[PDB]
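Take a look at the structure below.
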Amino acid sequence: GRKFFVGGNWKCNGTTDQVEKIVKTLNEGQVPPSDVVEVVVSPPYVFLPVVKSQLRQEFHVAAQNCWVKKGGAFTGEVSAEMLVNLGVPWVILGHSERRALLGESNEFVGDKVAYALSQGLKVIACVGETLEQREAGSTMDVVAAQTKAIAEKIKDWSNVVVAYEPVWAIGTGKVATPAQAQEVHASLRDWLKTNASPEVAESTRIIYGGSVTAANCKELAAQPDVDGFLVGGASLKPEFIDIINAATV
Amino acid sequence: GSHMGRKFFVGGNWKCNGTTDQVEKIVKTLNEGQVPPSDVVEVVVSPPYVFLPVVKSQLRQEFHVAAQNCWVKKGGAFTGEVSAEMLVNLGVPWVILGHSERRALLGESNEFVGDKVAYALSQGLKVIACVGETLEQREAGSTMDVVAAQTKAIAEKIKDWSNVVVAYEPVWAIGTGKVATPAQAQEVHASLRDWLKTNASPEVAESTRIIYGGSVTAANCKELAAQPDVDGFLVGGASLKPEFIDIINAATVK
C-alpha cells in the first residue's frame, strides 16, 4: 500500500572529506529496489551540489529547511523555488530542532509546507511533543495541533511525508520503544482519517523520527503504522545501509 | 597617525536570489570586469548557501566569497543550519552576520549576533558585522543608542578586530520611502568610529573598515566613497548586476 520511506538527516554535520566518504558508502551499498523503498538523504545546504552530482540515482536529496515564501530580501535564507531550480526534489520542514531552537511556530511551519509544495517540492513534515507535554497527557493534543496547522494550509497530501519525532526521548531518561512509536503513529493516522480524509490517512507515509539504529530498525519497521524512518546520527554512518534494508520487513 | 590606511572594501550581498544560469552569468560578468588591483580594493561576493560551491569554483582569484549567515556555535544537532567550521572547511573565507533582515525577520538578538561573530572569528572566518537603526529608532533620537548596543554586544565578546568589517545599514532609509544622503552616512560612520575609539581603542577605530550598507548605485557610489569615514560598501540589489563593477571602481576615489 504505502511505499517504505527512509530519510537520512545529516543535520549540521559534514566536511568535504567526510561527505566524500559517506557518498562512496551510499553508492556502494546493497539495498532493496526502488519499488520497495524510497530513499532520501539530506546534507547541509552547502553540500547539496556535490551530493546531488555524485549520489546514485535511486537516492534523492533533500534540503533541511527552506524559506516560508518567495525569495528576495531575506539574507541567509534559501527559497523553495531556488531549491527547485537547482533540481533538489525534497525538503525537511518543521524539524524539532528548528521549532525549539529557532522558534518556528506551528503556523510558520504550516505556511512553509504549503509554499514548498506550491513550488514543486516534496515535503517531509515533522511533528512531535516534548517530555513536559507527554507527561501532562498532551501528546495527541500537541501533535494534532501541529498537524492541523499544516492541514489547514494544504489540500494535496500526495507529496507529503509526515515524520513523528518523540522529542520527549531526547536528552531525557526515557527511551521511545517500538510499541510507543506504533501507538502514536496509529493515533496520528486516525487523526488524518478524521481531519483530512480516509484516503489521505491510507496513502500518507508516517515515518518514525526517533533514534533509529541497525539494532532497532527491523522491530520498528514491523509496526503496522510505521512507514519508515527519518534517521539522525546513523545517517552519517555505514549503518544507514542496514537501516534502508529494514524495508523488507 | 601611525596606522596604515584602510583598504577600500566592497561586498555584494546577493540575498535570497539566484538561479543556476543567472549565477553563471553574474560570475562571468564579474570575471570579465575591469576593476582596480587588489592592493586598492578588497572585493567579496555573497551568494546563497547553495551557490557557494559553484561561485567559489568559477570566480576570479582576486575576489572572495562570503556566506550570508552561519550558526552561533559548533555544529551538530542543528537541522537547517551551517556552522562556521563547515564554511572554513569548504573554503569560504567570509561571513555576513547580523544583517538587518535577520535581526528583524528571523529575530536575531544583539547577543545572538555577538556570539555568532565571536564564534565565526574563533574558527578563522573573516566577518562583515552589520549594525543599524530603524526609522522609529532614528526619530526617537536613538540612532547611536541602538548602534552602540549592537556594537557593544560584539565588542564585549572579542579582542581582535583585525578580521572584522563593520557594515552600517540605514534601516530607516531601507524600504521606508526615506533616502539617506552621503552626508548623513558620513555622520553615522564618524560617530560609530568615535564609539570604537572610546569603547575598544583608538587603534581599533583607525584600522577598522566601516562600510555603508544603504542603497548604493553606480550614480551615488563615488560621492559615498569620497566621505572620509566611509571605507566601502555592502551592496544589495546592484550586486546582481553589471553595475557592481562600476561600484567597485569607486575605490579609486580614495
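Chain naming here is simple, since letters A, B, ... match the order of the sequence lines and numbering starts at 1 in each. Atom set for the values below is all heavy atoms of this structure, side chains included, hydrogens, waters and symmetry mates excluded.
Of the two parts of A/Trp67, only the side chain, counted from C-beta on, holds a non-hydrogen atom closer than 4.5 Å to a non-hydrogen atom of chain B. Proximity to chain B (any heavy atom under 4.5 Å) is restricted, for A/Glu97, to the side chain, taken from C-beta onward. Both the backbone and the side chain of A/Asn13 come within contact range of chain B, each with at least one heavy atom under 4.5 Å from a heavy atom of that chain.
A side-chain hydrogen bond (donor to acceptor under 3.5 Å, both in side chains) with A/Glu104 is found for one member of A/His95, A/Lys112, A/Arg99 and no other, namely A/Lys112.
Ranked by heavy-atom pairs shorter than 4.5 Å toward chain A, the options B/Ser100, B/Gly91, B/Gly76, B/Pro53 are led by B/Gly76. Note: A/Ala73 leads A/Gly232, A/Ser79, A/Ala73 in heavy-atom pairs under 4.5 Å with chain B. Here B/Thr19 is the residue among B/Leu52, B/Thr19, B/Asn69, B/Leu105 with the most heavy-atom pairs under 4.5 Å with chain A. Annotation: maximal heavy-atom pairing with chain B below 4.5 Å, among A/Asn85, A/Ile92, A/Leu83, occurs at A/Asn85.
With hydrogens and angles disregarded, a donor-acceptor distance shorter than 3.5 Å links the side chain of A/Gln64 to the backbone of A/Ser42.
Under the 3.5 Å distance criterion, with hydrogens and angles disregarded, a donor-acceptor pair is assigned to the side chains of A/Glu129 and A/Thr139. No hydrogens or angles considered: nothing links the side chains of B/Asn13 and B/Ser239 as a donor-acceptor pair under 3.5 Å.
Look at B/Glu85 and B/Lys74 and you find no salt bridge, because none of the NZ, NE, NH1 or NH2 atoms lies under 4.0 Å from a carboxylate O.
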